[PDB]
Structures are given as C-alpha cells and as structure tokens.
Amino acid sequence: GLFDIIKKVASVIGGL
Amino acid sequence: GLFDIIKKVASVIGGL
Amino acid sequence: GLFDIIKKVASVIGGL
Amino acid sequence: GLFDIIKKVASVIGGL
Amino acid sequence: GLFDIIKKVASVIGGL
Amino acid sequence: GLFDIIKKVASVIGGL
Amino acid sequence: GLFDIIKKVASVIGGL
Amino acid sequence: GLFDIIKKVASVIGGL
Amino acid sequence: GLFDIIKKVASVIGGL
C-alpha cells in the first residue's frame, strides 16, 4: 500500500 | 503505508 | 505511515 | 505603441 | 511608448 | 517612454 | 593525431 | 598527440 | 602529449 505521483516536471540530465 | 508527491520541479544534474 | 512532498524546486548538482 | 522581441531563448520550466 | 528585448537567455525555473 | 533589455542571462529559481 | 569523445551530454543553451 | 573526453555533463548557459 | 577529462559536471554560466 503506497501512493506515488510525479507531476509537471522537466529536467536536463547530465548523469545517468 | 506511504504517500509521495514530487510536483512542479526542474533540475540540471551534473552528478549521477 | 509517512507523507512526503517535494514541491517547486530546482538544483544544479555538482557532487553525486 | 509598444515593441517586444524575445530572441534565441531556451528553458526548462519546473513551475507554471 | 516602450521598447522591450529579451535576448540570448536560458533558465531552470524551480518556482512559478 | 522606457527602454528595457534583458540579455545573456541564466538563473536557478528556488523561490517564486 | 588526436582522440575526442563527447558522451551522454544534454544542455540548454541561452547563448551562441 | 592529445586525448580529450567530455562525459556525462549538463549546463544552463546564460553567456556565450 | 596531453590527456584531458571533463566528467560529471554542471554549471549556470552568468558571464562569458
């Protein structure tokens, strides 16, 4: 039982 | 039992 | 039981 | 009477 | 009577 | 009568 | 004789 | 004779 | 003879 919401985000990823 | 919200965010990731 | 909210944020990650 | 010029721009909007 | 020029700009908006 | 010029700028907005 | 490798990069250019 | 490696990078360029 | 490595970096350039 978990709730997760990722919303209205923008990113410039130099890593990963 | 957990609630997580990540909202209206932006980033320039040099690490990772 | 936990609530987490990350909201209206920006960062320039030099470490990680 | 007004002049407006938005030129050579790029952005990563976390808000709005 | 006004003149506005926004030129050669970039941003990572965490607010708004 | 006003002149405004915003030129060659960058920012990482934590407030707003 | 030179070696050049540009790898896994992303950018938001306000200039140029 | 030179070796150059630009790796896992990101930037928000206000100048240039 | 030279070796150069620019790695896991981020920046917000206000000058240049």
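Residue numbers (the deposited numbering), protein chains in the order written: chain D, 44 to 59; chain F, 44 to 59; chain E, 44 to 59; chain G, 44 to 59; chain I, 44 to 59; chain H, 44 to 59; chain A, 44 to 59; chain C, 44 to 59; chain B, 44 to 59. Beta carbons: idealized from backbone N, C-alpha and C, even for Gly.
Exercise. How many angstroms separate the CA atom of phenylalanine 46 of chain G from the CA atom of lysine 51 of chain H?
Worked result: Their backbone Cα atoms lie some 19 Å apart in a straight line.
For this session: Take the Cβ of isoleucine 48 of chain A as the centre, count every other Cβ of all protein chains shown within 10 Å, and call the residue buried at 16 or more, exposed below.
Result: Residue environment analysis places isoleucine 48 of chain A among the exposed positions, since fewer than 16 neighbouring C-beta atoms fall within 10 angstroms of its C-beta.
For this session: Show which residues of chain B have a CB atom less than 9 Å away from the CB atom of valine 55 of chain F.
Result: Near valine 55 of chain F (Cβ distances below 9 Å), the residues of chain B are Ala53, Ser54, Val55.
Problem set entry | As assigned by DSSP and simplified to three states, the class of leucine 59 of chain E | Coil.
Exercise. What did DSSP end up calling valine 52 of chain F once you bin it into helix, strand or coil?
Worked result: Looking at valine 52 of chain F - three-state DSSP - the assignment turns out to be strand.
Problem set entry | Sequence-distant residues of its chain with Cβ nearer than 7 Å to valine 55 of chain A (five each side left out) | In its own chain, leaving out the 5 sequence neighbours on each side, no residue places its CB closer than 7 Å to the CB of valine 55 of chain A.
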